[PDB]
Number of protein chains: 2
Amino acid sequence: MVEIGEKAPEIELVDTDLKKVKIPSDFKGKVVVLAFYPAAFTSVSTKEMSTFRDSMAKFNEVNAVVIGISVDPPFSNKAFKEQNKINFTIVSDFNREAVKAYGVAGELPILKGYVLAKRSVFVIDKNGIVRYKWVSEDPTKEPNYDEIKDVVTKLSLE
Amino acid sequence: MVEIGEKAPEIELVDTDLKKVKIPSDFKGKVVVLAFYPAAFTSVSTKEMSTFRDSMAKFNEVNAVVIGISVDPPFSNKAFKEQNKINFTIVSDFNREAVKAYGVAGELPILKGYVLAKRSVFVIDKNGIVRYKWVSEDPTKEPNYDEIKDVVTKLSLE
Ligand SMILES: [Cl-]
Ligand SMILES: [Cl-]
């Protein structure tokens, strides 16, 4: 697992364009926010991602990049990304390598057997250390957007 | 690796609505067209499904049913189904059970490590026997739509 003191597990996932994205390596020096979401094309996940899209400027200010992660395939995540005018990166963890690594692998009672991510948020600092964690078993609850921003800002100052 | 004459491997996958669908048990009597496609939201698969969509009249009067199968999650496939006004059912082989059972598991040259279906078409008769087969590793080629229609007609007349 990932705990509030450990370096963030180094993972390599492909984005909606099929470009490899190395986390946290490719983001040394800047604060990164990993937003794990259950399934693309769902009310709550759409809302959550749209919310991050909208606050995109606030994040640019503090040199912070938000990355969405779901076990969905790249092609669907791409379609998902465009339809909601999302402009931060979205990567496909199709082998569940990330959900497992970050210990947020779960299952929807309604779709047993389908392994997906529990809506969670992880903020990694400029040095690749996890400094904030939030996980919800209930996929209807959204993150504490404000609390996240505050932490991103505080982390950006070090 | 199924072949002409064999009994269609029984598979149970959920549809865009999360309802289990069983093939070819649930369709004993009718002729079924299994349309395996690599991925939702891609030019060639979007074209191929659209083609079956537009010729659903011809199928429903020889009493045949077309079924879409991809390893995409039910959520994405749903959005995929609606956004293209698709009518026939589309099931999710999220655990590659059917692609393996039918021997059509593979990868897109464009994305190594992602196991998906090779675009392929299987035509099961009224008794559940595989009568027509077509597979293409090249994710670029489309099926022989008329050749499929001919076969479905001939098979319905038994
Ligand atoms: Cl969700
Ligand atoms: Cl495709």
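- For this entry, the PDB record names X-ray crystallography as the structure determination method and reports a resolution of 2.55 Å.

**A look at the nonpolar core**
Reasoning step 1: Residues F52 and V152 of chain A together with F52 and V123 of chain B are the most contacted members of the largest nonpolar core, which totals 51 residues.
Reasoning step 2: Leaving out residues up to four positions away in the same chain, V152 of chain A has contacts with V31, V33, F59, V62, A64 and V123 of chain A.

**A closer look at unusual backbone geometry**
Reasoning step 1: A cis amide bond links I23 of chain A to the next residue, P24 of chain A, at an omega of 0°.
Reasoning step 2: Tracing the sequence through the fold places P24 of chain A in the loop between β2 (20-23) and β3 (31-36).
Reasoning step 3: Within the chain, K85 of chain B stands out as a residue other than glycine whose phi angle is a positive 50°.

**Topic: the interface of chain B and chain A**
Reasoning step 1: Each side of the interface is counted separately: chain B has 21 residues, and chain A has 22 residues.
Reasoning step 2: Roughly 1,700 Å² of surface becomes buried between chain B and chain A when both sides are summed, with 74% attributable to carbon and sulfur atoms.
Reasoning step 3: Considering only the side of chain B, the residues that lose the most area to chain A are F75, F94 and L111 of chain B, jointly responsible for 33% of the buried surface there.
Reasoning step 4: One can count 0 salt bridges joining chain B with chain A.
Reasoning step 5: Summed over the shared surface of chain B and chain A, the result is 1 residue pair in polar contact.
Reasoning step 6: Those elements that place two or more of their residues in the side of chain B that touches chain A are α3 (74-83) and β7 (111-117) of chain B.

**Focus on the pattern of salt bridges**
Reasoning step 1: In this structure the tally under the stated criterion is 14 salt bridges over all chains.
Reasoning step 2: Across the pair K118 of chain A and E137 of chain A runs a salt bridge whose closest N-O atoms are separated by 2.6 Å. Remark: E137 of chain A occurs in the loop between β9 (130-135) and α5 (145-156) and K118 of chain A occurs in the loop between β7 (115-117) and β8 (120-124); sequence separation between them is 19 residues.
Reasoning step 3: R131 of chain B is the partner of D125 of chain B in a salt bridge, and the nearest nitrogen-oxygen pair spans 3.2 Å.
Reasoning step 4: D125 of chain B gets classed as buried once you look at its relative accessible area, which sits at 5%.
Reasoning step 5: A single network of salt bridges, built from pairs that share partners, joins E12, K20 and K22 of chain A.

Conventions adopted
As a numbering rule, every chain is indexed from 1 in the order its sequence is written, which need not reproduce the entry's residue numbers; residues that lack coordinates are not presented. Throughout, the order in which chains and ligands are written sets their labels, letters from A for the former and numbers from 1 for the latter. Calculation of side-chain values draws on the structure's entire complement of heavy atoms; hydrogens and water are dropped beforehand. Definition used in this section: a nonpolar core is a set of buried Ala, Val, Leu, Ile, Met, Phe, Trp, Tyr and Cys residues joined via side-chain atoms within 4.5 Å. A 1.4 Å probe rolled over the protein chains alone gives each residue an accessible area, and that area as a share of the maximum for its type sets the label: buried under 20%, exposed over 50%, partly exposed in between. We call two residues in contact when some of their heavy atoms are within 4.5 Å. Working definition: helices are DSSP H or I runs of at least four residues, strands are E runs of at least two. Numbering for both runs from the N terminus. Take the accessible area each of two parts loses on contact, using a 1.4 Å probe, and add the two losses: that sum is the buried area. What counts as a salt bridge is simple: a side-chain nitrogen of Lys or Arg found within 4 Å of a carboxyl oxygen of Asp or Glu. Side-chain atoms alone can form a polar contact between residues adjacent in sequence; in general such a contact is a pair of N or O atoms within 3.5 Å, and within protein one must be able to donate a hydrogen while the other accepts it.

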